[PDB]
Structure formats: C-alpha cells, structure tokens
C-alpha cells in the first residue's frame, strides 16, 4: 500500500543506521560525500533540505497524530541554520544599525567571475526599504528570520563557527561572482569573516568587492526564496491537517514576513527604471516586483569598530523559485498564516496573483515554463535589448541568475514549481473557489503543463533518443518541441524514463494580462535527455496527483486529463518501488561534468594570496593564467587543488582513476565511460516519500 510505502521510506530516511543525518540531527545534502551540483560537497546542507525535512515530518505527524518531530525539526532549523539566536551570541551583530534609507552600496555584477572584485561605487544610490519599519515594529527586532542557504554540517571546510563555536555546523558562502560562476568555480568562504582565513588583513572580501579602505571584518548571509517558502508551505499543510500550536504557526508567519525581502530589487531601484539604462531609487514600494527573486542577502560588521549593516534584495526572478501555496498561506483567512505586520498579508496577496501571472506569461507554445525575468539587465541596470519581451517592465530571461549550466534547462525546474501550482489548483477548488482569476490562471497553466509533460513520461517502455539527447519519433526524426509529440519507444518492463533538460529558444510575448495572453507562439521548449531521476519522479507524481484530485473536486470526477495524470502517478509509484535499495529509491547516474573537479577554472585576482579553510595557500602554485577574453587578470586553480581534503574522500581514488583512464583533456570528452554514481539525496528521498503519502491521502483516501 502507498501508506505503507510512505512509512517505510520515512523510517529509511530517519534511521540512524543510514546516515542521512549528522550526529547533531541535521540532514545532509546526501548520504554520499563526493558529489557536486549546488552544494559542492555532500555533507554540506541547504535550506532546501531543511524545508524538505519539515514537509516530511508534517505528513508523518499527520499520520501518527504526533507533532513532536515537526517541532523538533523546526527547533533544529532554528538552532543551526537560521542566524537568530535569542539567548547566546548575536548572530547578526550590528543589524540594529541598518540604514533603511541606504540599504546597501551599489556594485555591478559581471558576466564572468574574472571581473571580480567589483567596485563598491555607490554609482546608483540605493532606494528606500519600505518594510524594515514594519518588521521592527511587529517583532521588536530586524534580525532576519530566514534560513541561510548553505551550512557546513561536518565543518569540512574547517572554518569553524565564529559566533556559535560549540556548533560544529558552520555558516558558509560560495556563489558570489555572477552568472558564469558555476558550482565548480566558486570559493567557499565563511559567512562570518573575521579575516583569520583568506588574505591577511582582508579575509575573502577582496575576491568579491573593492573599496578604497581595507575591508572590515564582517558577516554575510543569503537565503534561497524557495526554501523558506517551502517551510511555510509545509506549515500550511500541517495546519490544514490539524496542527495548531501557535508557537510554531507564529514562527512560520514571522518567516513569511521577512521573506518579503525577496520581493525587492537588489538595490531597491524602481521596477522598470533600468529599461533604458538609467535606473533610479525606489520610493515607497516602487522597488517591489512582488515576485520571489532568487535571494535576499544581509550583512554587517564584526567587532566593536564595525557598526554598520546592509540588505539587498535581488533583481533576477526565476519561475522555479515562486511558491504561490506559501503566498496563499500568508495572504488569506483560509491560508491561516497571515503575518501580524501591517502589510505582510496584503503584499503576499499581490504576490500570489503576480506569481500566477508570471507562470502564464512564461508558458511556452507547447506548455513548458520558461525562465523568468530581471529588473537589472546584465546585473548593472543595462538598457534592455531592442525588442526584449517584458513582464511588469522586467526583461524576459531564459536563464535567470546562472548560466553554467543555464538555470532553467533542468527538468527539475519544471516539476518543482508545477507541483505547487497543482497543489494550489487543488487548494482553491477545495476552498470553494472555481471562479477567481487566480484559480483560472493556476488551472490553465497546470492543465497545459500536464498535457505537455505526459508526452515524455515512460513507464515500462524506453524512449528512443539519439546520441545528442534528442527524443526521436517513429520515423527516426528529432522531436523539436511542439504539441502532440510522439516519442518512439521499445518495451522495457520495470523501467521508467523522464525528461532531463529543455533547450529554450525565442521569447514570450510581452505581458498584457491574462485576458490578452497570446499563447506565446514564438517561445519554444525542446525537451531532451531521457533520465531516471527519482527526485524528479517524486515531485512529478505529486504534481499529477494533486492535479487529478483537483479535477475531481471541481467536476465530481476525474477529467480526461485528470484520469491520465492519476494513472501516470500510480504507474510511476509502482515502478519506482522496485528501485528501493533499502536506504532510498535510487538509480545510477552518469556525471560527465566531473571533469570539472580537475579543470583549472577557479579564478583568483592578481596579487591575492591567502589561506583556505583547509589550510592550503590559495591560489597556490597549481594555476594557469585567466582567459583574457573574460576580461580579468588573475589565474585559475582547480576545484580539487582548492579543496585538498577531497583527496581523503573514499570515492576520490576511483574518480581520479576514471578521469585518468577515460577523459581526454584535448577534446574535452569522456572516451571510455563517464563516472557513474548512485546517490541518496535527502530532498530526492523526501520527494519520493511524500509522493506515496499524498497519493494515499488524495486519491486512495
């Protein structure tokens, strides 16, 4: 039974014997250590993993009627990854000295990491923060109650935890150098930078910014907007399923209140003001785009001589980070998590609508959801290109935030958000709303999406594909998007296949409202790269499950497509069960990208030497000059040279041997097989567990 499968997997995730959690009760990114993808080591963790943990405990708590584990997980999150410490040392010193009339100092982003550090020029004065005052008034504090995105759970980078030294799990930053800094190209550095590592007198600050004084010791946290929102989404479900401890409900509210910082342009510039390359500061809420941008970041001085702090929003918004279930939870009486601030609920209400419009606007001619938009073209408020489509005066982006790899190519970026739009369709209908613009947008988007996705889901059959990843039809032709895609298949009992990536081209038409939507005939998703990602399966199953369920609440029966989505969910669940290895539902994956452990592509500026967390001098001697075409002048070292303790990993030998014996450094190609791995990712196993659970809850009953 699906209930039983849910409980089984839940116990496999929680078991001390399996190693999904650290000795301190903190979920890791993955049981395995040698992995690199967003976190760059498997025993980092993320705010995403914490949010998934909460989701898992919500469903389990509903089944056992005991909420103690949900509460314990929230306390753990609070203790280790939210940098607010009522009691011990202040984890945001000098946040009180924040100046909401000058939230931060402008610096340009750059098209390559090679062009960093960027000058803190204050070229563009920052606009007004219009929520700081409400938050202070509501909570008696402006300490940001959001999860930092990245935690070094085993202190693998050896920075320690400056402001809470008895905690082994330490706050760490990576990404900080623009769209071309892949996970392989970032330099891990402590969130709390007392300059005891990095360059003497400078810490790591001078990799990223330059200014005319010596950088003070300082701290810097950065959230992920989909993580905190998924925490709130989990608390929404708990409350719907009977949870009602105020102490924790109110903590989710407070989290949603601070998450509003994700709705603001990076430097509080008026939305649209950079369209012609001359931005200007926002007044009131003029810098509020009402979307979740990729992050909000906050920082300040360390020590008695550094009494300042700052905030940034973000200008780039990615469809895959919007969470309109959280927005609903935070904005309506039926959602149940309205904040007590003066405009928290009403800002989230606008956001819910704006997120739904964004999905409709971005939906390709065939039904897939294109990338997003920005208020800062090239991250320096460049004029938008002639003819660029816009959404509320923000420029369309096919790969918001990151380009290596392009951030909306991964099919996971379809499943994740479409799962939540499906949830919201269900929620609206169950709350008695068949008529609002909001349910019509949600429904229209998800109905088209489900149609789209079902062409590339294969259960008990293996799709035919070419050596470049394209799906082929029965005549052997590449299928290059379009509706009614007919993929050729062979019989393959017990296998499943999902799409891996999308190649995007074209643009949506400029947004004019839902009543004028064009169907984006010049926006094309080519779906490719058949794979067996069990994380994506779990997320998809839930999208199909909630969507089916909604169609039956709406109409009394499963609609035509409701039936197909229900059957796809059930079939995926049944085949997936065979891939349980006793620890997780898993499959083997090839990682052709793992030549980037070794490639010399980690940039350091000229004249910069310092000490890495692991003790090694960086950049050190194992370097090549940076590429003049990327506009820097500095050097590259490798991922592996920067992190010498990786050579101590038990899997390191076999990876290096495989690289030696198979990768051709001249052609850039794996000739004799790419490295292969079988990974037990926390988020992925939770997406699987929760898929069995919700099928039982919504379909079995």
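Residue numbers count along the first chain shown, from 1.
- The stretch 626-634 shows the higher mean C-alpha B-factor when 626-634 is compared against 608-616 in the entry.
- Here 351-359 and 304-312 are compared by their mean Cα B-factor, and 304-312 comes out higher.
- In this entry, the residue among 277, 538, 324, 178 with the greatest C-alpha B factor is 277.
- Residues shown: 236, 243, 426, 514. Highest C-alpha temperature factor in the entry: 243.
- Among the modelled residues of the chain, residue 100 sits in the highest third by CA temperature factor in this PDB entry.
- When the modelled residues of the chain are ordered by their C-alpha B factor, residue 666 lands in the highest third.
- Among all modelled residues in this chain, the alpha-carbon of residue 250 has a temperature factor (C-alpha) in the highest third.
- Sorting the modelled residues of the chain by their CA temperature factor places residue 393 in the middle third.
- The entry lists a Cα temperature factor for residue 295 that places it in the lowest third of the chain's modelled residues.
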